[PDB]
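A single chain comes next, written as structure tokens; it is the form deposited in one PDB entry.
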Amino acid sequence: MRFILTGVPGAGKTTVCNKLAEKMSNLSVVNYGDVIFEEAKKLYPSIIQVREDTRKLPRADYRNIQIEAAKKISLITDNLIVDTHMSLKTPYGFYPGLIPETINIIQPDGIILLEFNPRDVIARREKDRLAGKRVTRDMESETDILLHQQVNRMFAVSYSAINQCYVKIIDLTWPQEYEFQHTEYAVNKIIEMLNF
């Protein structure tokens, strides 16, 4: 089966992905943005040296990279999880995170949403900073993060209404008793789904 895996930024989605790939050998885990960067660096070596250089491309060029990355991903034949985002926040508001072409090509069975308590997102973002993984203190409010998660749920349901796919919401909003518990719980739920 094929699932898109989503969640607000910096909340633990990467860790879930890495843990899934460590645990299940019957599974390929890919990060869409990384595949986009790699395919872009192949075609535009002069402009794209690091993942964030993707912002510099002209629209006609960026769109064709997303399509090409999706085609590359769709060559995978066993279980697949694609790490990406339901929406991005910009000054103009939220913008959908999947182009319809991406879904037409990958043909996901469903969308998985990791939903957190916004305080845990603020804290994870700051811990990632103290470990080096990001330069500036994130200043999103609990309110802004909740809004994002609500909007993401609506995007996922809309994509399901359009394309007929599962919408799997994984509740990680409860308090952790021990460290890594949210991540461990999500990984096991995804594995059990895949092996059902």
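In this text, rigid core is short for the largest set of C-alphas that superpose within 1.5 Å between two forms. Quick note: we count residues from 1 along the sequence shown, nothing fancier.
A second form of this protein, the form deposited with a small molecule bound, is not displayed here; the remarks below concern that form.
Three-residue candidate spot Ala11, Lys133 and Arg137; every residue lies within 4.5 angstroms of the small molecule in the entry with it bound by at least one non-hydrogen atom. Contact check for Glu39: every heavy atom lies farther than 4.5 Å from the small molecule in the entry with it bound.
Though the partner is left out of this view, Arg124 does reach within 4.5 Å of the small molecule in the entry with it bound, counting heavy atoms only. Though the partner is left out of this view, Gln176 does reach within 4.5 Å of the small molecule in the entry with it bound, counting heavy atoms only. The shortest heavy atom separation between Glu68 and the small molecule in the entry with it bound exceeds 4.5 Å. In the core-superposed comparison between this form and the one not shown, the C-alpha atom of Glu140 has shifted by less than 2 angstroms.
Between the C-alpha atoms of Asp138 and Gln176, a gap widened by no less than 3 Å is obtained in the entry with it bound, as opposed to the form on display.
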